Each structure stands twice: as structure tokens, then as C-alpha cells.
Protein chains: 4
Amino acid sequence: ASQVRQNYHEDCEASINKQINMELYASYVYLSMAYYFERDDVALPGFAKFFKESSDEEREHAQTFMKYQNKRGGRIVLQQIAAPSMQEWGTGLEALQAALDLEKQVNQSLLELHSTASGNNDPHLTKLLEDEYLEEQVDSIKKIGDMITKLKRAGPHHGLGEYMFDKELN
Amino acid sequence: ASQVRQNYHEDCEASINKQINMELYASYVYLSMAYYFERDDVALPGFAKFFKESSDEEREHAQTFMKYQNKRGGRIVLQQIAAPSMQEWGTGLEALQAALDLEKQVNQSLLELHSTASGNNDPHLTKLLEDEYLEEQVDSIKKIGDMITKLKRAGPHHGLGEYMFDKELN
Amino acid sequence: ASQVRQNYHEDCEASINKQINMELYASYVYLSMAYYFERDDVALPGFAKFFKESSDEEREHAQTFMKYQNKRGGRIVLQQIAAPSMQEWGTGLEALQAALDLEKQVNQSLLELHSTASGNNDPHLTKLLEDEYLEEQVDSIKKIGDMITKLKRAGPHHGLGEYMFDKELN
Amino acid sequence: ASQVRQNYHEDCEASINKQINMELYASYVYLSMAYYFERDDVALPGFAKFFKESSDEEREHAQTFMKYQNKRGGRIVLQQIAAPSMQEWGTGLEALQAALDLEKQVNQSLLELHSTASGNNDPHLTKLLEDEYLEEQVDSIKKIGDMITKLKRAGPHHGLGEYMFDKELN
Ligand SMILES: [Fe+3]
Ligand SMILES: [Fe+3]
Ligand SMILES: [Fe+3]
Ligand SMILES: [Fe+3]
Ligand code: NI
Ligand code: NI
Ligand code: NI
Ligand code: NI
Ligand code: NI
Ligand code: NI
Ligand code: NI
Ligand code: NI
Ligand code: NI
Ligand code: NI
Ligand code: NI
Ligand code: NI
């Protein structure tokens with residue numbers, strides 16, 4: 001085994017490799033939304049910018065798990081990144097609702113990864129998940145929730161409300 | 001009695017202690033509104049900021065009466081601070097209307113406190129009430145009144161008007 | 001339930017609402033001490049400043065729990081804030097001893113809240129309590145303990161020692 | 001009568017002339033204390049500085065009444081300024097207690113002057129007394145009261161406590 005490995009269970013190592021793929025997949029979803037909102041027949045530059053940034057952050061999240069894997073002496077195994085579930089995301093509200101659902105799915109996976117680390121008595125992994133992932137996930141979910149509510153207030157259908165709310169994200 | 005006390009009537013001293021509790025209560029009401037408007041299903045950051053600031057100012061108002069009590073040689077007696085009348089404040093318009101009603105109730109109490117000081121021939125207390133409280137109360141009531149009118153103009157129901165007016169308070 | 005809520009147990013939500021009331025109560029205790037020490041017949045400006053700052057920090061602590069409640073999708077319920085246990089706090093030493101006892105009571109409640117979060121497998125809540133509350137509570141208790149010892153050294157009775165120690169807190 | 005005089009009663013004009021003499025007398029008392037505390041066998045430079053400043057402020061107070069008299073069209077009449085009641089003021093505590101008694105005597109006279117202005121329906125004079133004199137008098141009395149308490153705490157007799165408290169006034 002690796003000269004650095006210590007108190008790092010095979011199951012944690014494998015679960016990290018799957019979370020890497022999930023972070024890369026979410027980055028890919030957000031990239032698809034981002035350029036969907038730059039179509040000439042959608043033209044929502046605030047939504048585009050918001051999802052482009054979310055795409056970058058998710059790819060950074062994947063890289064932090066890749067650095068982590070190497071740090072503990074695990075070995076990174078990357079799988080194919082699935083095509084996004086959709087090619088068209090509808091209105092801003094529907095994209096946000098899809099992002100909300102995706103963020104809570106990522107959160108579920110992260111909490112299961114914390115349970116695996118806790119079960120294998122890995123406080124260093126539980127610390128990483130709490131400090132770097134669980135905290136950021138809850139803030140993201142709250143922020144997307146706020147945005148959904150604000151957009152429902154402003155007028156969620158393809159109208160003046162969507163146009164004005166889009167300016168808030170620019 | 002206190003080495004500093006002079007021309008300070010027992011009734012003024014007791015009325016100050018009650019106004020302290022009322023200022024602390026109003027600060028508590030505004031704190032409740034402030035974080036109500038940060039709920040993920042309300043998401044009105046301008047209203048939240050406005051009431052958070054009003055909460056701070058009211059607690060400062062209480063402290064100025066506490067400094068005053070000590071300055072005149074009275075003795076501060078603090079009572080329990082009642083729970084806010086509501087836990088949910090509805091729309092921005094309903095919160096402003098509730099704030100308007102509360103501000104005029106505080107004003108009434110302050111004018112009664114001025115009558116007590118005037119009846120006991122305490123020009124130093126009448127000066128404090130006129131310079132530090134009555135002036136600020138009338139400006140607050142006018143400002144809340146303007147805001148109610150502006151919100152009724154923009155569209156007081158949970159719609160684009162409320163969303164846009166909220167930006168004016170950020 | 002809230003669109004953001006996930007892995008947030010009813011018991012944690014209710015325990016947060018009680019800790020909010022406790023933080024607000026401690027803020028109220030410290031406010032009472034602060035202006036007690038500004039009485040013309042006490043005149044300990046260092047103690048006054050120390051407890052005024054502690055009053056502000058506790059009210060900030062309550063607000064961080066209120067932000068937290070909203071972040072997780074819980075609903076804030078504020079109760080009445082009890083009158084402070086005392087209206088007069090005696091000497092500086094007796095106020096510090098009362099603060100020490102209060103700080104350890106708050107700490108106990110926070111450790112019970114950590115046990116509730118741990119029992120319901122909420123690592124996000126355990127992280128908040130460890131990073132934002134437990135750490136600050138232990139430092140506060142150590143600092144108050146140091147101060148009690150320093151004051152007992154300088155001379156805890158209403159004398160030159162209390163007067164000099166008070167300068168250290170200004 | 002003066003081309004400027006309007007709503008200025010003979011009694012208010014005469015009462016101002018007496019308050020001028022009283023302010024000048026208090027300035028003279030404080031000047032005596034100030035240089036008493038610079039005697040080689042007293043040597044309390046903090047007390048000296050405190051009373052020298054109080055002497056200057058009282059003489060400024062007299063001048064503000066003299067400017068006021070002229071402003072309203074009254075005519076200034078200055079009487080002899082009595083010798084201070086004492087030539088030696090004892091300890092710092094006894095000087096502060098004498099200042100406290102003098103400040104409350106000045107306050108009494110000012111409140112009687114407010115009653116005279118109120119009885120003659122002179123809101124301009126009541127405003128001057130509230131804004132320029134009553135406010136400053138209550139703050140002075142509170143500050144002297146604090147100082148007496150601090151000195152009694154530090155040790156009011158000619159000892160280390162008096163020596164240390166004196167440094168606080170430098
Ligand atoms: Fe992520
Ligand atoms: Fe107020
Ligand atoms: Fe706290
Ligand atoms: Fe004066
Ligand atoms: Ni995110
Ligand atoms: Ni639609
Ligand atoms: Ni619709
Ligand atoms: Ni106000
Ligand atoms: Ni409505
Ligand atoms: Ni309508
Ligand atoms: Ni603390
Ligand atoms: Ni004692
Ligand atoms: Ni002893
Ligand atoms: Ni003065
Ligand atoms: Ni003596
Ligand atoms: Ni003695």
C-alpha cells in the first residue's frame with residue numbers, strides 16, 4: 001500500500017471516487033444550463049452567469065476530492081461522465097428547481113459519505129466533509145430556495161418578472 | 001436617595017422603567033420580522049435589512065433611557081420582554097402596517113411620558129423626550145407611511161411590485 | 001415542509017428555538033449588569049464596558065441561531081425573555097461569579113444540543129455547535145475564570161484592588 | 001426700551017443678572033480649589049487640572065448668559081463676586097463633595113430660572129436653559145458623583161488610593 005496511507009478504509013476510498021464522478025456530473029449539468037441560457041431564443045444572461053459559476057465550483061469540488069484521495073493514499077478512478085438529463089431546461093424557474101433537486105441529491109450522497117467515514121472511524125474524512133462540502137451544500141440549497149421564492153414572487157412565467165429577476169443575477 | 005438625584009419624581013422614574021421595557025419589546029418585534037423575511041419561503045432581503053436596523057435602533061433607544069435613569073439617580077428595573085404578538089408577519093405591506101401601528105403606540109406612550117414630566121415640572125426630562133424620542137418617532141412614522149404608500153402604488157400583494165419595492169430597501 | 005429542509009430533525013429544530021431564547025436571556029442579563037455598573041454609586045466603567053460587549057455578543061449568538069434555523073428550513077419561534085435573576089449584582093467579583101455560572105449553564109445547554117444533533121446524525125448541526133458555540137464558550141469561561149482569579153489577587157472587596165482591576169477592563 | 005426687546009420680562013432679565021454672578025462665583029470657587037491642589041503640601045495635579053478646567057467652563061457659562069442678556073435687549077448688571085467659602089479644601093474627596101453641593105445649588109437656581117421663564121411664557125429663555133445649562137448641569141453632577149464613588153472605592157483618605165485616583169484625572 002501507499003507509504004502515506006493510514007486509517008483510510010477501502011470503502012471510504014471507493015465512495016470518494018464515486019463522489020468525484022458525481023461532482024463532475026453536476027459541473028456538466030450546470031455547464032449545459034449555462035449555455036442553454038445563452039441561446040438567442042432564451043437570452044437570460046443572469047441565469048447563464050449563475051450556472052457558469054456553479055459549473056466551475058462543482059469542478060473545483062471534484063478536484064478537492066481528487067487532492068484528498070491522493071493526500072490519504074487512495075487511488076483516483078474516474079468513470080465516464082453521464083450526459084446531462086436534459087438538453088433544454090425550460091424557464092429560469094424550472095432550471096432552478098432542477099438545480100435544487102440536484103443539489104439535494106448531492107447533499108444526500110455527501111451525508112451517506114459522512115456515515116461511511118463515521119462508521120469506519122475516520123475523523124479526518126468527517127472533518128473534510130463537514131468543513132468543505134456539507135457547509136457549502138446547505139448554503140447553496142438555501143440560496144437556490146431563496147431564488148425560487150424570489151422568482152415566484154416576481155413572476156415565474158416567461159414575462160417581465162423573469163426579465164427583471166434575471167438582472168439580479170448579472 | 002442617590003447623591004445625584006434632584007427634581008426627579010418617583011413617577012417619572014417609574015415611567016422610564018416602563019418605557020425601557022417597551023423599547024426592548026419593539027426591538028424584539030423588529031428582530032422577529034427581520035428574520036421572518038429571511039425565511040427561504042419569504043426571501044425579502046430589503047425588508048429583512050430594514051427591520052434588522054429598526055431592531056438595533058430600538059435597543060439603542062432602550063439603552064439611552066437606561067443611561068438617562070442612571071444619570072438622574074433613578075434605579076433601572078427591567079421586566080420580562082413579552083414574546084412578539086406574531087411569529088409570521090405576512091406580506092411586506094402587513095409587516096409595515098404592523099410596524100406603523102407599533103410606532104404610533106410607542107409615540108402615544110412617549111407623549112404620556114412627556115405629560116408626566118411636564119406635570120412634575122421636569123424640564124430636563126421634557127427636553128430628553130423632545131430631542132431624543134419625539135423627533136425620531138415622528139420621522140419614523142412619516143417614513144413608514146411613505147413606504148406603505150409606495151408599496152401600495154407598486155403593488156402590495158405578493159407580486160412583481162413587492163419584489164421591486166424590496167430592492168429599494170436593500 | 002420547506003423546499004430546503006433535509007436531514008433536519010424536529011427535535012433539533014425545537015432545541016434551537018430554546019437555545020435562541022437562552023442566548024437572548026443571557027444578552028439581557030449582561031445588559032442589566034452593564035448599566036448596573038454605570039450607576040453613580042457603583043461607577044465601575046471597565047466592568048460596564050465588559051458586560052455591554054458581552055451583551056452584544058450574546059445577541060449576535062442568538063441571531064446566528066436564527067440564521068441557522070432559517071438556513072436548515074426550520075421555523076423560528078421566540079418566547080418571552082425572562083427578567084434577569086437580579087437587578088443589583090453586588091461587587092465586580094460577584095457579577096463575574098454570576099457570569100461564570102451563567103456561561104457554564106449556557107455551555108451545558110449547548111453540549112446537550114450537540115448530543116441531540118449527534119443522536120439524530122446531523123453532522124451539519126454538530127459542526128455549527130463545535131465551530132461557532134462550543135469553542136467560544138470554553139474561551140469565555142477560561143477568560144472569566146482568569147478575571148475572577150486576578151480580581152481575588154488584586155483585592156475583591158470594594159477597595160483599591162477593585163478600582164485598579166477595573167482599569168484593566170477599560 | 002431696546003430696539004430688539006420682545007417678550008422679555010423684567011423678572012427674567014433680573015434673574016439672568018443674578019445667575020451671571022452665580023456662574024462667576026462658581027468659577028472663582030473652582031479657581032481656588034485648582035491652585036489649592038498645586039500647593040507643595042497638597043500636590044494633586046489631577047485634581048488641580050480638573051478644577052482649573054471647571055473654573056474656565058463656569059466663566060464661559062457666565063459669558064453665555066451675558067451674550068444672552070444682550071441678545072434679548074436686557075442690560076447686564078454685574079455685582080461683586082464673593083470670596084470663596086473656603087481657602088483650604090481638605091482632601092480630594094472633600095473638594096469633590098463641596099463641588100457636588102455647589103453644582104446642585106447652581107442647578108436649583110437654574111431650575112428656578114426656568115420656572116420664572118415658564119411663568120412669563122418665554123420659550124426662547126426656556127430653550128436656552130434646557131439646551132445650554134440644565135443638560136450640562138445634570139451631566140456634571142453625575143460625573144462628580146461617579147468620581148466621589150470611585151474615590152471612596154480607591155481609598156478617600158490621604159493615601160495610595162487618592163494618589164492613584166489623582167492619576168485618572170491628569
Ligand atoms: Fe459540489
Ligand atoms: Fe424607540
Ligand atoms: Fe452565547
Ligand atoms: Fe455653569
Ligand atoms: Ni454550490
Ligand atoms: Ni411556466
Ligand atoms: Ni402563473
Ligand atoms: Ni425608528
Ligand atoms: Ni395581500
Ligand atoms: Ni390588490
Ligand atoms: Ni462570550
Ligand atoms: Ni465582598
Ligand atoms: Ni477579604
Ligand atoms: Ni460643569
Ligand atoms: Ni479624611
Ligand atoms: Ni477610612
# chains A, B, ... in the order shown; residues from 1 in each chain; ligands from 1
>>> residues_near_ligand(ligand="ligand 10", cutoff="12 Å", atoms="only C-alpha atoms and all ligand atoms", output="list in words")
residues 93, 151, 152, 153, 154, 155, 156, 157, 158, 159, 161 and 162 of chain B
>>> residues_near_ligand(ligand="ligand 14", cutoff="7 Å", atoms="only C-alpha atoms and all ligand atoms", output="PyMOL selection string")
chain D and resi 54+57-58+136-137+140
>>> residues_around(residues="range 25-37 of chain B", least_positions_apart="3", cutoff="8 Å", atoms="only C-alpha atoms", output="PyMOL selection string")
(chain B and resi 21-22+42-45+47-52+54-59+81-85+87-89+95+102) or (chain C and resi 66-67+70+76+78)
>>> residues_around(residues="residue 122 in chain B", least_positions_apart="2", cutoff="10 Å", atoms="only C-alpha atoms", output="list in words")
residues 6, 7, 8, 9, 12, 114, 116, 117, 118, 119, 120, 124, 125, 126 and 127 of chain B; 111 of chain D
>>> write_last_selection(atoms="N, CA and C atoms", output="tab-separated table (two decimals), in the first residue's frame")
chain	number	residue	atom	x	y	z
B	6	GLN	N	-32.04	64.98	41.90
B	6	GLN	CA	-32.54	66.34	42.12
B	6	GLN	C	-33.67	66.58	41.14
B	7	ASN	N	-34.84	66.96	41.66
B	7	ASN	CA	-36.01	67.29	40.85
B	7	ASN	C	-36.43	66.12	39.97
B	8	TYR	N	-36.28	64.90	40.48
B	8	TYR	CA	-36.60	63.69	39.74
B	8	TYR	C	-37.70	62.95	40.50
B	9	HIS	N	-38.92	63.03	39.98
B	9	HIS	CA	-40.07	62.47	40.67
B	9	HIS	C	-40.16	60.96	40.49
B	12	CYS	N	-41.86	59.80	37.32
B	12	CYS	CA	-41.04	59.85	36.12
B	12	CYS	C	-40.08	58.67	36.09
B	114	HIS	N	-44.15	62.47	28.41
B	114	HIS	CA	-43.92	63.92	28.41
B	114	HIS	C	-44.93	64.64	29.29
B	116	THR	N	-46.33	63.36	31.95
B	116	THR	CA	-45.91	63.11	33.33
B	116	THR	C	-44.75	64.02	33.74
B	117	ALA	N	-43.75	64.18	32.85
B	117	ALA	CA	-42.62	65.05	33.16
B	117	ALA	C	-43.05	66.51	33.25
B	118	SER	N	-43.91	66.94	32.33
B	118	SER	CA	-44.46	68.29	32.38
B	118	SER	C	-45.26	68.53	33.66
B	119	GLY	N	-46.07	67.55	34.06
B	119	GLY	CA	-46.84	67.70	35.29
B	119	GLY	C	-45.98	67.78	36.53
B	120	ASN	N	-44.84	67.12	36.52
B	120	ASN	CA	-43.92	67.19	37.65
B	120	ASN	C	-42.84	68.24	37.46
B	124	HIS	N	-35.70	68.97	32.28
B	124	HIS	CA	-34.64	68.12	31.77
B	124	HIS	C	-35.21	66.84	31.14
B	125	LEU	N	-36.26	66.27	31.73
B	125	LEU	CA	-36.89	65.10	31.12
B	125	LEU	C	-37.70	65.49	29.88
B	126	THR	N	-38.41	66.62	29.92
B	126	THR	CA	-39.14	67.02	28.72
B	126	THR	C	-38.19	67.28	27.57
B	127	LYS	N	-37.01	67.86	27.85
B	127	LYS	CA	-36.01	68.07	26.81
B	127	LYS	C	-35.53	66.75	26.21
D	111	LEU	N	-33.12	75.81	37.69
D	111	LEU	CA	-34.49	75.33	37.63
D	111	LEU	C	-35.47	76.42	38.09
>>> closest_residue(among="D:130, D:40, D:23, D:139", to="ligand 4", atoms="only C-alpha atoms and all ligand atoms")
D:23
>>> select_by_dssp(residues="chain A", states="alpha helix (DSSP H)", output="PyMOL selection string")
chain A and resi 10-36+45-72+92-119+123-128+135-154+160-169
>>> interface_residues(of="chain D", to="chain B", cutoff="9 Å", atoms="only C-alpha atoms", output="PyMOL selection string")
chain D and resi 100+104+107-108+111+114-115+126-127+130-131+134-135+138-139+141-145
>>> write_last_selection(atoms="N, CA, C and O atoms", output="CSV table (one decimal), in the first residue's frame")
chain,number,residue,atom,x,y,z
D,100,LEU,N,-19.8,69.0,44.4
D,100,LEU,CA,-21.1,68.4,44.2
D,100,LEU,C,-22.2,69.3,44.8
D,100,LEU,O,-23.2,69.6,44.1
D,104,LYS,N,-25.2,71.3,42.6
D,104,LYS,CA,-26.6,71.1,42.9
D,104,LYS,C,-27.3,72.4,43.3
D,104,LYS,O,-28.4,72.7,42.9
D,107,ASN,N,-27.7,74.2,40.0
D,107,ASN,CA,-28.8,73.5,39.3
D,107,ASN,C,-30.2,74.0,39.9
D,107,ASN,O,-31.1,74.3,39.1
D,108,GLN,N,-30.3,74.1,41.2
D,108,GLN,CA,-31.5,74.6,41.8
D,108,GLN,C,-31.8,76.0,41.3
D,108,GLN,O,-33.0,76.3,40.9
D,111,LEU,N,-33.1,75.8,37.7
D,111,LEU,CA,-34.5,75.3,37.6
D,111,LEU,C,-35.5,76.4,38.1
D,111,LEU,O,-36.6,76.5,37.5
D,114,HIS,N,-35.8,78.6,35.2
D,114,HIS,CA,-36.7,78.0,34.2
D,114,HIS,C,-38.2,78.2,34.6
D,114,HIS,O,-39.0,78.5,33.7
D,115,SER,N,-38.4,78.1,35.9
D,115,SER,CA,-39.8,78.4,36.4
D,115,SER,C,-40.2,79.8,36.1
D,115,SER,O,-41.3,80.1,35.7
D,126,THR,N,-36.6,79.4,28.0
D,126,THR,CA,-36.7,78.1,28.5
D,126,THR,C,-35.8,77.2,27.6
D,126,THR,O,-35.2,76.2,28.1
D,127,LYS,N,-35.8,77.4,26.3
D,127,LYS,CA,-34.9,76.7,25.4
D,127,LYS,C,-33.4,76.8,25.8
D,127,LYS,O,-32.7,75.9,25.9
D,130,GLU,N,-32.7,74.9,29.0
D,130,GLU,CA,-32.7,73.4,28.8
D,130,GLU,C,-31.5,73.0,27.9
D,130,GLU,O,-30.8,72.0,28.3
D,131,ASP,N,-31.2,73.7,26.8
D,131,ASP,CA,-30.2,73.2,25.9
D,131,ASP,C,-28.8,73.5,26.4
D,131,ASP,O,-27.9,72.7,26.2
D,134,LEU,N,-29.2,73.3,31.8
D,134,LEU,CA,-29.8,72.1,32.5
D,134,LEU,C,-29.1,70.8,32.1
D,134,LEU,O,-28.8,70.0,33.0
D,135,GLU,N,-28.9,70.6,30.8
D,135,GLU,CA,-28.2,69.4,30.3
D,135,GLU,C,-26.8,69.3,30.8
D,135,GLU,O,-26.4,68.3,31.4
D,138,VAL,N,-26.7,68.5,34.8
D,138,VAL,CA,-27.0,67.1,35.2
D,138,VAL,C,-25.8,66.2,34.8
D,138,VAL,O,-25.5,65.3,35.6
D,139,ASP,N,-25.2,66.4,33.7
D,139,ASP,CA,-24.0,65.6,33.3
D,139,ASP,C,-22.9,65.8,34.3
D,139,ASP,O,-22.2,64.9,34.7
D,141,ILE,N,-23.1,66.8,37.5
D,141,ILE,CA,-23.5,66.3,38.8
D,141,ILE,C,-23.3,64.8,38.7
D,141,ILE,O,-22.7,64.2,39.7
D,142,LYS,N,-23.7,64.1,37.6
D,142,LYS,CA,-23.5,62.7,37.5
D,142,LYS,C,-22.0,62.3,37.5
D,142,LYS,O,-21.5,61.4,38.1
D,143,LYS,N,-21.2,63.1,36.8
D,143,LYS,CA,-19.7,62.9,36.7
D,143,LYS,C,-19.1,63.1,38.0
D,143,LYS,O,-18.2,62.2,38.4
D,144,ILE,N,-19.4,64.1,38.8
D,144,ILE,CA,-18.8,64.3,40.1
D,144,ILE,C,-19.3,63.2,41.0
D,144,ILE,O,-18.5,62.7,41.8
D,145,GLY,N,-20.5,62.8,40.9
D,145,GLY,CA,-21.0,61.7,41.7
D,145,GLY,C,-20.2,60.4,41.5
D,145,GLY,O,-19.8,59.7,42.4
>>> residues_around(residues="residue 69 in chain A", least_positions_apart="5", cutoff="8 Å", atoms="only C-alpha atoms", output="VMD selection string")
chain A and resid 13 16 74 to 76
>>> atom_distance(atom1="CA of residue 65 in chain D", atom2="CA of residue 15 in chain D")
10.5 Å
>>> atom_distance(atom1="CA of residue 106 in chain C", atom2="CA of residue 94 in chain C")
18.3 Å
>>> atom_distance(atom1="CA of residue 1 in chain C", atom2="CA of residue 170 in chain B")
28.3 Å
